[PDB]
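Listing of model_11.cif; format and content: mmCIF, C-alpha atoms.
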```cif
data_coords
#
loop_
_atom_site.group_PDB
_atom_site.id
_atom_site.type_symbol
_atom_site.label_atom_id
_atom_site.label_comp_id
_atom_site.auth_asym_id
_atom_site.auth_seq_id
_atom_site.Cartn_x
_atom_site.Cartn_y
_atom_site.Cartn_z
ATOM 1 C CA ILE W 53 -7.210 -17.831 15.525
ATOM 2 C CA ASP W 54 -7.771 -15.774 12.239
ATOM 3 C CA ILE W 55 -4.838 -17.227 10.161
ATOM 4 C CA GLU W 56 -5.766 -15.968 6.681
ATOM 5 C CA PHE W 57 -4.134 -12.743 5.483
ATOM 6 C CA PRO W 58 -6.431 -10.003 4.125
ATOM 7 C CA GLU W 59 -7.556 -10.399 0.445
ATOM 8 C CA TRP W 60 -5.156 -7.639 -0.817
ATOM 9 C CA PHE W 61 -2.122 -9.043 1.062
ATOM 10 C CA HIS W 62 0.262 -10.952 -1.234
ATOM 11 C CA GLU W 63 3.438 -11.512 0.739
ATOM 12 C CA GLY W 64 5.362 -12.922 -2.268
ATOM 13 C CA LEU W 65 4.482 -10.535 -5.121
ATOM 14 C CA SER W 66 7.585 -8.679 -6.475
ATOM 15 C CA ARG W 67 7.364 -4.940 -7.295
ATOM 16 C CA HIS W 68 7.321 -5.845 -11.044
ATOM 17 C CA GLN W 69 4.638 -8.553 -10.675
ATOM 18 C CA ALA W 70 2.538 -6.059 -8.674
ATOM 19 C CA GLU W 71 2.904 -3.540 -11.536
ATOM 20 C CA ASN W 72 1.844 -6.127 -14.125
ATOM 21 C CA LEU W 73 -1.175 -7.134 -12.068
ATOM 22 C CA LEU W 74 -2.330 -3.618 -11.285
ATOM 23 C CA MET W 75 -1.801 -2.125 -14.800
ATOM 24 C CA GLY W 76 -4.889 -4.188 -15.633
ATOM 25 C CA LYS W 77 -7.007 -2.336 -13.056
ATOM 26 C CA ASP W 78 -8.439 1.079 -12.345
ATOM 27 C CA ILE W 79 -7.103 3.894 -10.259
ATOM 28 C CA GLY W 80 -6.792 2.968 -6.599
ATOM 29 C CA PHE W 81 -6.719 -0.814 -6.911
ATOM 30 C CA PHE W 82 -3.842 -1.979 -4.692
ATOM 31 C CA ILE W 83 -1.913 -4.748 -3.049
ATOM 32 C CA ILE W 84 0.345 -5.127 -0.004
ATOM 33 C CA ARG W 85 3.498 -7.213 -0.434
ATOM 34 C CA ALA W 86 6.672 -7.823 1.601
ATOM 35 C CA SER W 87 9.361 -5.411 0.420
ATOM 36 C CA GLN W 88 12.147 -6.480 -1.949
ATOM 37 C CA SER W 89 14.672 -3.641 -1.598
ATOM 38 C CA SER W 90 14.243 -3.546 2.138
ATOM 39 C CA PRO W 91 13.777 -7.164 3.520
ATOM 40 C CA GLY W 92 11.659 -6.824 6.647
ATOM 41 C CA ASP W 93 9.488 -3.958 5.276
ATOM 42 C CA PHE W 94 6.163 -4.064 3.575
ATOM 43 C CA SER W 95 5.156 -2.097 0.522
ATOM 44 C CA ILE W 96 1.859 -0.981 -0.937
ATOM 45 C CA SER W 97 1.499 -0.962 -4.732
ATOM 46 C CA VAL W 98 -1.350 1.312 -5.999
ATOM 47 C CA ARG W 99 -2.704 1.889 -9.540
ATOM 48 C CA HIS W 100 -2.490 5.586 -10.601
ATOM 49 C CA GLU W 101 -3.794 7.113 -13.859
ATOM 50 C CA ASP W 102 -0.788 6.234 -16.032
ATOM 51 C CA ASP W 103 1.299 3.798 -14.010
ATOM 52 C CA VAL W 104 1.626 1.943 -10.670
ATOM 53 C CA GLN W 105 3.292 3.695 -7.655
ATOM 54 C CA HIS W 106 4.698 2.211 -4.486
ATOM 55 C CA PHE W 107 4.581 3.281 -0.831
ATOM 56 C CA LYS W 108 6.675 2.091 2.103
ATOM 57 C CA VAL W 109 4.802 1.015 5.218
ATOM 58 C CA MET W 110 6.400 3.036 8.039
ATOM 59 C CA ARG W 111 6.473 1.844 11.676
ATOM 60 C CA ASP W 112 7.476 3.259 15.043
ATOM 61 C CA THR W 113 8.714 1.642 18.314
ATOM 62 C CA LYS W 114 5.104 1.372 19.572
ATOM 63 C CA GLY W 115 4.183 -0.788 16.576
ATOM 64 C CA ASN W 116 2.075 1.821 14.829
ATOM 65 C CA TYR W 117 1.757 1.718 11.018
ATOM 66 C CA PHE W 118 1.731 4.899 8.834
ATOM 67 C CA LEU W 119 2.462 6.232 5.333
ATOM 68 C CA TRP W 120 2.408 9.989 5.998
ATOM 69 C CA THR W 121 1.188 11.573 9.298
ATOM 70 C CA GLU W 122 -1.872 9.667 10.576
ATOM 71 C CA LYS W 123 -0.873 6.505 12.543
ATOM 72 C CA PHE W 124 -2.836 3.228 12.865
ATOM 73 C CA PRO W 125 -2.850 0.153 15.147
ATOM 74 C CA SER W 126 -2.989 -2.287 12.243
ATOM 75 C CA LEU W 127 -2.396 -2.618 8.476
ATOM 76 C CA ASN W 128 -6.161 -3.088 8.080
ATOM 77 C CA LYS W 129 -6.923 0.276 9.740
ATOM 78 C CA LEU W 130 -4.284 1.953 7.545
ATOM 79 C CA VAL W 131 -5.851 0.488 4.386
ATOM 80 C CA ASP W 132 -9.327 1.537 5.588
ATOM 81 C CA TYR W 133 -8.263 5.122 6.127
ATOM 82 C CA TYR W 134 -6.876 5.387 2.576
ATOM 83 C CA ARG W 135 -10.259 4.362 1.097
ATOM 84 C CA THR W 136 -11.610 7.829 1.868
ATOM 85 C CA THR W 137 -8.485 9.992 2.387
ATOM 86 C CA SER W 138 -6.134 10.244 -0.675
ATOM 87 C CA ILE W 139 -3.039 8.032 -0.391
ATOM 88 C CA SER W 140 -1.335 10.272 -2.939
ATOM 89 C CA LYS W 141 -0.356 13.827 -2.018
ATOM 90 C CA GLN W 142 0.147 14.879 -5.718
ATOM 91 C CA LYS W 143 -3.138 13.568 -7.180
ATOM 92 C CA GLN W 144 -6.308 12.205 -5.570
ATOM 93 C CA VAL W 145 -6.102 8.470 -5.304
ATOM 94 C CA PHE W 146 -8.271 6.412 -2.959
ATOM 95 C CA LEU W 147 -7.696 2.711 -2.279
ATOM 96 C CA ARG W 148 -10.551 0.581 -3.637
ATOM 97 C CA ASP W 149 -11.568 -3.080 -4.087
ATOM 98 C CA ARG S 556 14.335 1.957 -5.164
ATOM 99 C CA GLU S 557 11.910 4.926 -4.962
ATOM 100 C CA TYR S 558 8.706 5.018 -2.960
ATOM 101 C CA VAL S 559 6.237 7.965 -3.041
ATOM 102 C CA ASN S 560 6.353 8.569 0.653
ATOM 103 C CA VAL S 561 10.028 8.140 1.218
#
```
Now that the file is in, can you turn its structure into structure tokens?
Amino acid sequence: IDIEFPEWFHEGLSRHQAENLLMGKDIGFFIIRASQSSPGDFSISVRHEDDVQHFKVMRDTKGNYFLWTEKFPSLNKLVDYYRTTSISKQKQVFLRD
Amino acid sequence: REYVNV
């Protein structure tokens, strides 16, 4: 099998710990963590210019993953799309490593 | 809690 989660996947990081980690980084650095306020969701924490913002990973009954309109077969394909299409609709923010 | 896309 594959076992190992992707490098940016940190199941047990709280929203606050994700903020503290990402405030040290540039725009677009990000992590994926299991959700706190909704057990059973995942969240994506992303450095913006002045703070860290959070996105809810959406799903449908076919198992697709999405944030907005475009849908993906996997979390990895979602993350990949947001490297070159802005994950923010108010400012331009691209996921980066 | 708030999320951008919710």
Problem set entry | Residues in the PyMOL selection byres ((chain W) within 10 of (chain S)), expressed as an NGL selection string | :W and (88-90 or 95-97 or 105-110 or 119-120 or 139-142)
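Using only C-alpha atoms, the smallest distance between any of W:103, W:54, W:63, W:122 and residue 85 in chain W comes from W:63.
For the pair CA of residue 60 in chain W and CA of residue 84 in chain W, the separation is 6.1 Å.
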Exercise. If you count only C-alpha atoms, which residues fall within 10 Å of residue 137 in chain W, apart from same-chain ones fewer than 5 positions away, as a count of residues only?
Worked result: 5
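Across the structure, CA of residue 111 in chain W and CA of residue 72 in chain W are spaced 27.4 Å apart.
When CA of residue 98 in chain W is paired with CA of residue 61 in chain W, their separation reads 12.6 Å.
Each of W:114, W:86, W:136, W:127 was compared to residue 67 in chain W using only C-alpha atoms, and W:86 turns out to be the nearest.
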Could you get me a file of range 123-143 of chain W with C-alpha atoms, as an mmCIF file, in the first residue's frame, taken from the block above?
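What landed in selection08.cif:
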```
data_model
loop_
_atom_site.group_PDB
_atom_site.id
_atom_site.type_symbol
_atom_site.label_atom_id
_atom_site.label_comp_id
_atom_site.auth_asym_id
_atom_site.auth_seq_id
_atom_site.Cartn_x
_atom_site.Cartn_y
_atom_site.Cartn_z
ATOM 1 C CA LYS W 123 -14.867 18.854 -8.047
ATOM 2 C CA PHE W 124 -11.976 16.371 -7.630
ATOM 3 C CA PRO W 125 -11.537 12.602 -7.115
ATOM 4 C CA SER W 126 -9.026 13.046 -4.304
ATOM 5 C CA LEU W 127 -7.679 15.564 -1.755
ATOM 6 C CA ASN W 128 -4.389 15.525 -3.685
ATOM 7 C CA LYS W 129 -6.091 16.620 -6.935
ATOM 8 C CA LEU W 130 -7.940 19.371 -5.035
ATOM 9 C CA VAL W 131 -4.670 20.666 -3.548
ATOM 10 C CA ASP W 132 -3.007 20.505 -6.989
ATOM 11 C CA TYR W 133 -5.726 22.570 -8.606
ATOM 12 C CA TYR W 134 -5.361 25.340 -5.998
ATOM 13 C CA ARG W 135 -1.633 25.710 -6.803
ATOM 14 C CA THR W 136 -2.540 27.523 -10.017
ATOM 15 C CA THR W 137 -6.177 28.631 -9.511
ATOM 16 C CA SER W 138 -6.763 31.037 -6.540
ATOM 17 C CA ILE W 139 -8.243 29.318 -3.472
ATOM 18 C CA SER W 140 -9.479 32.712 -2.299
ATOM 19 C CA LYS W 141 -12.287 34.478 -4.156
ATOM 20 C CA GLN W 142 -11.541 37.894 -2.475
ATOM 21 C CA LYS W 143 -7.764 38.057 -3.066
#
```
